[PDB]
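Read through the structure below, which is laid out as structure tokens, and then see the notes.
Positions of Cβ are backbone-derived with ideal geometry, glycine not excepted, and every protein chain shown enters the neighbour counts. None of the figures in this text is laboratory data; all of them are computed from the coordinates on show.
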Amino acid sequence: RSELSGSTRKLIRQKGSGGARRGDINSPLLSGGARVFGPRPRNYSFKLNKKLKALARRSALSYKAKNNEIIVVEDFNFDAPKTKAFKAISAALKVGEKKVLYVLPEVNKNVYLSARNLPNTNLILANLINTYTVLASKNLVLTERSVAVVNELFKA
Amino acid sequence: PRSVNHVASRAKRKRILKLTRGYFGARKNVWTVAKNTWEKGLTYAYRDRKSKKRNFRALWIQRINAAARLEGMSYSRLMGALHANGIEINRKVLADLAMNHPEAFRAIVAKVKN
Amino acid sequence: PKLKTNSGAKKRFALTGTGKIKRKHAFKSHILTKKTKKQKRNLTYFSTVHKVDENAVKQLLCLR
Amino acid sequence: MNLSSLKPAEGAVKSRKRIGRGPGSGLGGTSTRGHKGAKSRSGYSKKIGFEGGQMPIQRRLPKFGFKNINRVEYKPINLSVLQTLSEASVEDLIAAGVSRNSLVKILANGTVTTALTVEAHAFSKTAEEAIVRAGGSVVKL
RNA sequence: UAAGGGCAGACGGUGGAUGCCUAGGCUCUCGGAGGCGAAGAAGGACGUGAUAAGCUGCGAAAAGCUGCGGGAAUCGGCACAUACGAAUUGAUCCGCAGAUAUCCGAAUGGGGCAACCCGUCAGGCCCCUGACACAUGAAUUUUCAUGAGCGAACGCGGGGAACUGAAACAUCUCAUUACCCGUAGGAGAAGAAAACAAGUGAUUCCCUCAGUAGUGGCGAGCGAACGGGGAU
RNA sequence: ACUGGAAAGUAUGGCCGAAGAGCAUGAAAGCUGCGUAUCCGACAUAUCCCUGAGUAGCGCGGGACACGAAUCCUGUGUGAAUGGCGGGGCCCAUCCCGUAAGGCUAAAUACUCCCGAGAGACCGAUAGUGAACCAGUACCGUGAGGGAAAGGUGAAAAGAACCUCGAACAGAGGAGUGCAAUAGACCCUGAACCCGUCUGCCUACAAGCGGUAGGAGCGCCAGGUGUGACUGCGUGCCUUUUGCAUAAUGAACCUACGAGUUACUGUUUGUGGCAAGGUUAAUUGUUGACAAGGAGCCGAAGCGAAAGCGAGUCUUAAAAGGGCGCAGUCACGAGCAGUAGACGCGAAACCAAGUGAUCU
RNA sequence: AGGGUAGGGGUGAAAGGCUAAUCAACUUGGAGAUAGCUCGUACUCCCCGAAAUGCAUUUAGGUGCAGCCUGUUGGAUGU
RNA sequence: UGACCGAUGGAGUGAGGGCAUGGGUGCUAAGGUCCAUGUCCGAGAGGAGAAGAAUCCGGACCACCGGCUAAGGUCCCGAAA
RNA sequence: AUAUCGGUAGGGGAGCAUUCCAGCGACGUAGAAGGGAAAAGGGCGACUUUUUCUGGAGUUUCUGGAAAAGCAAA
RNA sequence: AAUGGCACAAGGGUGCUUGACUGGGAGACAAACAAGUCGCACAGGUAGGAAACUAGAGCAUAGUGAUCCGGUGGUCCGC
Ligand SMILES: [K+]
Ligand SMILES: [K+]
Ligand SMILES: [K+]
Ligand SMILES: [K+]
Ligand SMILES: [K+]
Ligand SMILES: [K+]
Ligand SMILES: [K+]
Ligand SMILES: [K+]
Ligand SMILES: [K+]
Ligand SMILES: [K+]
Ligand SMILES: [K+]
Ligand SMILES: [Mg+2]
Ligand SMILES: [Mg+2]
Ligand SMILES: [Mg+2]
Ligand SMILES: [Mg+2]
Ligand SMILES: [Mg+2]
Ligand SMILES: [Mg+2]
Ligand SMILES: [Mg+2]
Ligand SMILES: [Mg+2]
Ligand SMILES: [Mg+2]
Ligand SMILES: [Mg+2]
Ligand SMILES: [Mg+2]
Ligand SMILES: [Mg+2]
Ligand SMILES: [Mg+2]
Ligand SMILES: [Mg+2]
Ligand SMILES: [Mg+2]
Ligand SMILES: [Mg+2]
Ligand SMILES: [Mg+2]
Ligand SMILES: [Mg+2]
Ligand SMILES: [Mg+2]
Ligand SMILES: [Mg+2]
Ligand SMILES: [Mg+2]
Ligand SMILES: [Mg+2]
Ligand SMILES: [Mg+2]
Ligand SMILES: [Mg+2]
Ligand SMILES: [Mg+2]
Ligand SMILES: [Mg+2]
Ligand SMILES: [Mg+2]
Ligand SMILES: [Mg+2]
Ligand SMILES: [Mg+2]
Ligand SMILES: [Mg+2]
Ligand SMILES: [Mg+2]
Ligand SMILES: [Mg+2]
Ligand SMILES: [Mg+2]
Ligand SMILES: [Mg+2]
Ligand SMILES: [Mg+2]
Ligand SMILES: [Mg+2]
Ligand SMILES: [Mg+2]
Ligand SMILES: [Mg+2]
Ligand SMILES: [Mg+2]
Ligand SMILES: [Mg+2]
Ligand SMILES: [Mg+2]
Ligand SMILES: [Mg+2]
Ligand SMILES: [Mg+2]
Ligand SMILES: [Mg+2]
Ligand SMILES: [Mg+2]
Ligand SMILES: [Mg+2]
Ligand SMILES: [Mg+2]
Ligand SMILES: [Mg+2]
Ligand SMILES: [Mg+2]
Ligand SMILES: [Mg+2]
Ligand SMILES: [Mg+2]
Ligand code: NA
Ligand code: NA
Ligand code: NA
Ligand code: NA
């Protein structure tokens with residue numbers, strides 16, 4: 001009501017007109033009037049304990065390992081960005097039918113460029129693993145050094 | 001986000017308006033008049049489901065009274081004799097026999113007219 | 001904003017180990033003499049807040 | 001589970017209360033407010049410490065006491081805790097296993113029976129006697 | 001007998017709900033920039049087209065003029081248009097730089113009822129015309145630069161309420177708020193101890209200290225600093 | 001190849017991918033168009049011995065400081081010192097700290113008229129800006145000022161040559177276009193209130209909220225459906241009240257609109273993580289995510305006004321004679337409270353800055 | 001015909017008359033003032049279920065605390 | 001019986017009314033008024049009394065075209081001599 | 001197994017629908033949403049399914065998430 | 001004042017006195033809260049009395065009213 005553009009003048013006198021008593025034009029009862037209890041800008045962030053988040057990450061990884069959707073491949077480099085080469089790797093590993101998440105230990109610009117255009121593939125560093133990203137994909141492909149990084153960083 | 005349930009809101013009224021068919025004047029199709037009429041009818045229906053049993057028992061008793069007075073006895077005397085002789089035929093069956101099977105009613109009366 | 005403590009309550013009440021609220025005794029008549037020397041009941045011993053009057057002193061001290 | 005079959009713990013979440021939305025909900029009409037009076041109006045709040053005009057309790061009881069703006073408060077550490085720390089060193093006051101840059105005072109709650117070399121800001125007489133009986137040392141600083 | 005009427009179905013009328021749609025809003029993020037104006041502003045008036053202009057653009061050189069760079073077949077703005085022309089000798093269009101730019105408006109030659117009336121002096125045309133100059137205040141020495149007015153928020157300064165709360169009300173609160181007025185910059189203000197404290201070492205901002213110390217018809221309320229952790 | 005008015009759809013079968021963002025194209029396109037990833041490009045034009053005097057201090061009246069009379073300011077009247085002076089919450093002494101009455105100074109901080117690039121578990125034409133369109137327009141007012149309504153043919157105007165009735169397109173019936181004209185200019189879809197026509201059944205001896213429960217006959221499409229002779233029962237609804245058919249309040253009707261929300265701080269509880277510990281805030285690194293940040297906060301001892309003592313402590317000369325004491329923490333969801341307009345609409349009034357003597 | 005006096009201010013051969021159909025002015029803003037008052041408060045089913053008393057009150061149609069309801073709990077006794 | 005008592009989360013109510021009994025007041029008036037003890041209406045439908053908030057009988061989970069009773073009734077409207 | 005199940009103020013429990021989101025499954029010019037008619041269903045209900053006419057381009061299931069989340073009277 | 005009590009008098013006389021005490025409140029009454037009422041035990045030292053015993057004011061129930069701010073007499077904390 002306080003941010004509508006109409007004036008604060010009383011529309012009709014209080015008594016004697018024969019209709020309902022009225023105040024200003026910005027009332028929510030009038031057409032084109034105020035929006036009562038509408039949305040306000042908000043921050044939706046909330047807090048979770050660090051140990052709770054670590055336990056959730058470990059739980060997601062354990063779910064993957066138990067359901068047998070974790071496979072380990074050797075570390076590879078690309079001389080040039082080649083989407084066909086990355087597609088060949090995925091088809092050889094048999095992770096082309098569904099959604100797959102690759103975990104890499106380093107930047108690997110050429111590999112990232114090769115994997116950029118494929119639909120059901122995602123790439124993430126080992127140190128940036130999170131529960132949502134782990135759970136979002138059907139299959140999880142780790143590399144030899146990624147196994148070591150995950151083991152040393154997210155242990156206990 | 002903004003949520004307005006236009007279709008559900010209208011469908012709720014249209015379903016009840018389907019049940020107010022046959023009423024008189026505005027009561028059949030004008031929403032606030034038709035809805036008001038419909039609920040009063042539902043209270044009436046609740047009361048009438050109870051009163052229907054009373055009405056049908058009264059009808060059976062009147063028919064049995066007529067048939068017994070044809071046979072030479074009153075309803076109260078016939079019921080007293082029936083209960084003394086311990087037969088468990090109820091008033092609905094007795095009235096149905098009285099209207100449709102007079103020989104069977106005569107048999108019942110002759111059994112207890114001793 | 002944070003809840004503000006009532007100043008008079010914070011000057012008149014205190015907390016104990018078990019969470020009970022202790023307080024001083026107001027006199028019936030504050031003019032001693034013409035009152036029996038048994039006024040040590042309201043003159044020597046700190047009392048506690050009655051359970052019925054509790055939660056009001058709590059809201060005064062910000063539910064503490 | 002995965003993202004398509006998420007489930008919270010039983011009883012962890014609960015639907016909120018919504019009033020003024022019809023008779024079937026049990027919370028419509030007057031919307032849990034009763035009928036009339038000050039408490040049924042929009043914008044009513046409670047005046048804290050107000051009892052309808054009677055002299056309030058926080059005004060009819062008297063003020064008492066004063067607080068010390070230079071008050072030294074020690075941290076109570078007991079002999080049983082000292083034994084627990086000693087059992088997996090002798091020279092105590094490690095404080096890294098517990099306070100954080102504070103003054104410590106040893107009190108008598110259990111027993112020692114073992115020769116220690118306890119150093120603390122202050123001691124109790126019973127604490128010093130128990131240390132001496134156990135055959136230990138007290139350093140007060 | 002249905003004059004008429006009641007109920008149902010079908011098909012129509014009216015009306016414009018609903019569903020689907022939209023660059024028209026709303027809230028923000030990042031990076032710039034933070035003014036325009038006496039070399040005449042913001043905002044207007046009057047004009048300007050092949051055909052009346054309602055918008056748009058432009059200004060008596062008037063949907064427009066010139067140069068350089070880009071580019072390659074259509075173009076001559078829009079409100080459902082025809083005509084007539086331009087254009088591969090490179091139109092139209094885009095980037096940068098130029099030319100012209102009527103009248104009012106701080107308006108500044110004098111007046112005035114804004115977009116008008118009336119002048120003086122030097123020239124040139126020829127009673128009438130086009131082109132110059134002709135205000136005021138402050139540094140300044142009559143030569144010279146500067147200022148006036150407008151305009152989002154943020155800054156600083158000069159004045160400064162009341163409804164309201166205290167369940168009345170006067171101290172108190174609302175609040176050094178609303179509002180009026182003056183005046184900067186891209187930020188402003190502050191800033192280098194006649195300091196805090198009971199050792200630190202100029203300002204500013206964030207998290208704590210802390211709803212604590214205090215203050216108060218000790219009511220309603222108001223409310224720090226030291227210290228610690230940071231940005232710099 | 002199929003369906004279709006029309007493939008971008010479906011089904012085969014291929015190809016590109018540092019390009020599978022998007023928009024358009026007669027339906028939904030990585031391979032039709034503009035684009036996108038990536039790479040390249042500017043003739044100009046811009047941007048990057050000395051040491052602060054009406055001073056310090058003081059009297060009177062006031063103000064700002066969290067502070068309603070130590071510090072700082074000053075209307076009025078006074079007024080020094082040159083190790084001295086000032087401060088440490090009234091006043092004196094010791095101690096400690098500093099060196100007034102001259103000035104300048106970046107960074108970290110506040111904001112968006114404007115320009116550019118983006119985004120949204122934000123709206124979708126009574127919503128969202130007052131304004132999607134002719135919008136601060138039309139209209140209203142002397143004036144300051146107030147202030148609307150109003151989007152959608154079709155893929156493509158192919159926007160209906162010609163004929164018939166008629167004075168006339170006023171309108172319609174054809175023909176033609178088109179997938180469709182019951183898409184024909186107010187044109188997508190086309191609801192309700194409200195207004196008609198036709199068909200079926202009922203109705204001119206009948207009397208009250210108009211229904212409800214029984215129940216013949218007639219009429220339609222094989223156990224359903226329309227109507228309904230005749231019978232029983234029945235004083236609407238909301239609100240307000242001790243109590244309302246009330247002759248107490250309220251509504252013409254329909255469609256649309258319309259009223260406990262959010263933020264912070266407490267407290268209780270459901271569910272969780274750690275556990276004698278629990279937890280980070282601002283912020284910082286590597287790339288919203290991971291890692292770091294322990295400052296701080298609660299817990300771990302109490303009693304006493306306090307000095308203080310301590311599983312004791314307070315009272316006492318002394319006593320149990322008496323009082324008080326001998327698993328948490330951090331979140332997520334929910335209830336409640338306070339502070340914010342705080343469930344919504346409604347005063348009479350108060351204050352501030354302006355507009356009006358074209359009426360009187 | 002032109003001009004001047006502006007809000008509790010002006011003007012009044014005085015009626016508290018008149019001051020733009022407004023007078024014990026109008027416009028915008030503070031502002032969503034305040035209203036212990038009236039009215040209104042929208043989906044569903046299930047379980048339980050009051051009070052209209054006392055004390056106090058610048059209180060009497062408001063409120064605080066008791067009394068009476070409900071949920072979860074731990075002791076047990078209530079009739 | 002089961003809800004009496006403790007501790008805690010959430011309330012609403014703080015305009016009552018009729019009848020019977022014991023009283024005050026009034027006029028041994030009032031559908032009056034003020035207390036006490038019960039009960040019902042409030043917040044309670046169903047049956048009889050012609051039609052009545054609280055008088056008599058009786059506490060509605062839903063269905064049934066089954067049976068027994070309560071108050072009160074059995075010539076017809078209207079069930080049963 | 002027995003008992004219980006009238007209710008205003010009010011307390012407690014369990015659910016339906018609406019808009020958008022994530023994940024997983026689907027549908028659509030051989031006809032989506034919307035509009036009209038008919039039929040069936042639900043311990044119970046808020047409501048949900050199916051057929052047909054109109055319509056001519058989008059819609060929907062399950063699990064979890066968030067709200068501009070429901071009108072008969074002002 | 002009224003009511004209840006009072007003869008072993010709680011009614012009336014003499015003698016001696018200061019218990020019209022310090023430190024106190026097992027337990028109860030009453031009560032929305034604030035307030036109110038009765039009453040210890042023991043220790044210190046007294047009055048009366050031969051002793052037992054009694055004495056923490058008066059036969060009992062009215063004779064006042066908070067907090068804040070001030071005054072007076074004693075006895076821990078401020079800069
Ligand atoms: K500066
Ligand atoms: K394409
Ligand atoms: K169409
Ligand atoms: K269309
Ligand atoms: K229609
Ligand atoms: K009827
Ligand atoms: K009336
Ligand atoms: K005049
Ligand atoms: K009678
Ligand atoms: K009969
Ligand atoms: K005596
Ligand atoms: Mg206003
Ligand atoms: Mg709006
Ligand atoms: Mg809402
Ligand atoms: Mg209505
Ligand atoms: Mg209820
Ligand atoms: Mg209602
Ligand atoms: Mg009400
Ligand atoms: Mg009331
Ligand atoms: Mg109430
Ligand atoms: Mg209000
Ligand atoms: Mg129709
Ligand atoms: Mg020229
Ligand atoms: Mg060129
Ligand atoms: Mg001039
Ligand atoms: Mg007040
Ligand atoms: Mg075909
Ligand atoms: Mg289409
Ligand atoms: Mg609009
Ligand atoms: Mg004509
Ligand atoms: Mg059609
Ligand atoms: Mg149409
Ligand atoms: Mg007759
Ligand atoms: Mg007839
Ligand atoms: Mg009345
Ligand atoms: Mg009645
Ligand atoms: Mg009324
Ligand atoms: Mg009316
Ligand atoms: Mg009425
Ligand atoms: Mg209406
Ligand atoms: Mg007069
Ligand atoms: Mg007038
Ligand atoms: Mg205000
Ligand atoms: Mg208002
Ligand atoms: Mg019950
Ligand atoms: Mg209460
Ligand atoms: Mg009252
Ligand atoms: Mg009362
Ligand atoms: Mg009466
Ligand atoms: Mg009487
Ligand atoms: Mg009531
Ligand atoms: Mg009852
Ligand atoms: Mg009855
Ligand atoms: Mg019988
Ligand atoms: Mg029952
Ligand atoms: Mg019930
Ligand atoms: Mg179809
Ligand atoms: Mg949709
Ligand atoms: Mg869901
Ligand atoms: Mg809504
Ligand atoms: Mg509606
Ligand atoms: Mg007491
Ligand atoms: Na007819
Ligand atoms: Na001039
Ligand atoms: Na006058
Ligand atoms: Na509930």
The local net charge around B:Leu97, scoring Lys/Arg +1 and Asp/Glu -1 for residues other than B:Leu97 whose Cβ lies under 15 Å from its Cβ, equals +1
Contact order normalised by residue count of the stretch B:7-111, Cα under 8 Å, 6+ apart, percent:
18 percent
Run through all the Cα pairs of the protein assembly as shown and give the fraction in each 20 Å bin from 0, expressed as whole percent.
11, 17, 26, 25, 15, 5, 0
Cβ charges +1 (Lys, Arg) and -1 (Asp, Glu), total dipole of chain C, debye:
300 debye
I'd like the distance between the alpha-carbon centres of the stretch D:4-56 and the stretch C:1-43, rounded to an integer number of Å.
35 Å
The distance between the Cα centres of the stretch B:1-70 and the stretch B:77-114, in whole Å, is 38 Å
Summed side-chain charge close to A:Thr8 - residues other than A:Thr8 whose Cβ falls under 12 Å, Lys, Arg +1, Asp, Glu -1
+2
Rg from C-alpha atoms of the stretch A:1-92, normalised by the globular rule of thumb 2.2 N^0.38 Å, equals 2.61
Report, as an integer, the average count of C-beta atoms from other chains found within 10 Å of each Cβ along D:55-68.
5
Per residue, what volume in Å³ does the Cα convex hull of the stretch A:31-156 take up?
188 Å³
log₁₀ of I(q)/I(0) at q = 0.13, 0.15, 0.21 Å⁻¹ - the stretch B:1-58, Debye sum with one point per alpha carbon
-0.50, -0.59, -0.82
Neighbour-count ranking [beta-carbon atoms within 10 angstrom, fewest first] of A:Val141, A:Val73, D:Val139, C:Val52
C:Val52, D:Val139, A:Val73, A:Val141
Excluding D:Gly52 itself, calculate the net charge of residues whose Cβ lies under 15 Å from the Cβ of D:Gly52, where each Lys or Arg counts +1 and each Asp or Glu counts -1.
+3
Work out the length of the dipole vector of chain A about its Cα centre, built from +1 on the beta-carbon of each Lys and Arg and -1 on the beta-carbon of each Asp and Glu, and round it to the nearest 20 debye.
1360 debye
So how long is each side of chain C along the principal axes, counting just the alpha-carbon atoms, biggest first, in Å?
50, 23, 19
Of A:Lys138/D:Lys7; C:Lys4/D:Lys63; C:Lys34/D:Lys63; C:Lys38/D:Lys67; C:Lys20/D:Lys67, pairs whose Cα-Cα distance is over 26 Å:
C:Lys38/D:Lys67
Provide Rg over Rh for chain D; use the alpha carbon set for both Rg and the Kirkwood Rh (inverse mean inverse pair distance).
1.35
Violations at 23 Å Cα threshold for listed pairs C:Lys11/C:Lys37; A:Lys66/A:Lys155; C:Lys58/D:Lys14; A:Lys64/A:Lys155 -> C:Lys11/C:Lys37; C:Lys58/D:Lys14
Would you mind ranking C:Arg23, A:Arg35 by Cβ crowding within 10 Å, fewest neighbours first?
A:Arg35, C:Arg23
By count of other Cβ within 10 Å, fewest leading, how are D:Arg41, B:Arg57 ordered?
D:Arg41, B:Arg57
